[PDB]
J.: 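One structure is given below, represented as structure tokens, and several questions about it will come after.
Atom set for the values below is all heavy atoms of this structure, side chains included, hydrogens, waters and symmetry mates excluded. Numbers here are sequence positions counted from 1.
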Amino acid sequence: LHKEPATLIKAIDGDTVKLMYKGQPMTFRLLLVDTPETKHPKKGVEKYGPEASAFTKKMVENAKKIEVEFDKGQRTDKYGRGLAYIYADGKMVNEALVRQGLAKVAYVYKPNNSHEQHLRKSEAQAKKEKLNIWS
């Protein structure tokens, strides 16, 4: 896998950011994580949703460099969003959220599972520390 540069356009939610990628505006869904959402009217604003959403926002707005890393399988979902690991100054946003108890590891679809083990290990530590959704 390789990282590629991108530029932030806007953070939309805990699990979705809009980026300029290869000079095109694109919405990205963070791979392998499920955050409580502020969007979707099924429930609307879930618990820890505003917290997950602020975390991702801060982390991408305060970065010097954002990079996107596609996995080995499909690179977009059925809504047209890119599927990727997103890095802010070298730190994966997907992992940061899970490590803080602000996301769970999602149901995985092979072969888009390259960082699955690494994320599950961070999720087990956040549960053990009883952070946020695990409190």
J.: Taking the side chain as every heavy atom from C-beta outward, state whether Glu51 and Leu102 have any pair of such atoms under 4.5 Å apart.
T.: yes

J.: How long is the straight-line distance from CG of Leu97 back to OG of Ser122, given to the nearest 0.5 Å?
T.: 11.0 Å

J.: What salt bridge (charged side-chain N to carboxylate O under 4.0 Å, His left out) pairs are there with at least one residue in residues 114-125, not counting sequence neighbours?
T.: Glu116-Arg120

J.: Please list all pairs passing the ring-ring contact (aromatic ring centres under 6.0 Å, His included) test where one or both residues lie in residues 114-135, with sequence neighbours left out.
T.: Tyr85-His115

J.: Would you give the length of the straight line joining atom OG of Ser53 to atom NZ of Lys39, rounded to the nearest 0.5 angstrom?
T.: 6.0 Å

J.: I need the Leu30 CG to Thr56 OG1 distance, nearest 0.5 Å.
T.: 6.0 Å

J.: Just verifying a value: how many Å separate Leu8 CG and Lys57 NZ, rounded to the nearest 0.5 Å?
T.: 9.0 Å

J.: Among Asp77, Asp15, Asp13, whose salt bridge (charged side-chain N to carboxylate O under 4.0 Å, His left out) with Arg29 holds?
T.: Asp15

J.: Please work out which of the three classes, parallel, tilted or perpendicular, describes the rings of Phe28 and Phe70, given edges at 30° and 60°.
T.: tilted

J.: Run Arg99 and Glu129 through salt bridge (charged side-chain N to carboxylate O under 4.0 Å, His left out) and show every step you take.
T.: CA-CA 10 Å; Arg99 183 57 185 92; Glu129 298 176 4; 2.6 Å; yes

J.: Hey, is NZ on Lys18 packed in by over 12 heavy atoms from elsewhere, all under 6.0 Å?
T.: no

J.: Can you tell me if NZ on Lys127 sees more than 12 non-hydrogen neighbours from other groups inside 6.0 Å?
T.: yes

J.: Sort and list the pairs that fulfil side-chain hydrogen bond (donor to acceptor under 3.5 Å, both in side chains) and have at least one residue in residues 40-50, not counting sequence neighbours.
T.: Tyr48-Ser135

J.: So, taking the atom named CD in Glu69 and the one named CG in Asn94, what distance separates them when rounded to the nearest 0.5 Å?
T.: 9.0 Å

J.: Using a 4.5 Å cut-off between side-chain heavy atoms of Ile, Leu, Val, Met, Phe, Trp and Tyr, which other residues end up in the same hydrophobic cluster as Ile9?
T.: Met20

J.: If you draw the axis of the six-membered ring of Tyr87, does the NZ or CZ of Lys65 fall within 45° of it and under 6.0 Å from the ring centre?
T.: no

J.: Of all residues at least two apart in sequence or in a different chain, which pass the ring-ring contact (aromatic ring centres under 6.0 Å, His included) check with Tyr107?
T.: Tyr109

J.: With rounding to the nearest 0.5 Å, note down the distance linking CD1 in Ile86 to CG in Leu31.
T.: 9.0 Å

J.: Who pairs with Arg75 by salt bridge (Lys or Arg N to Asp or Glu O under 4.0 Å), at least two apart in sequence or on another chain?
T.: none

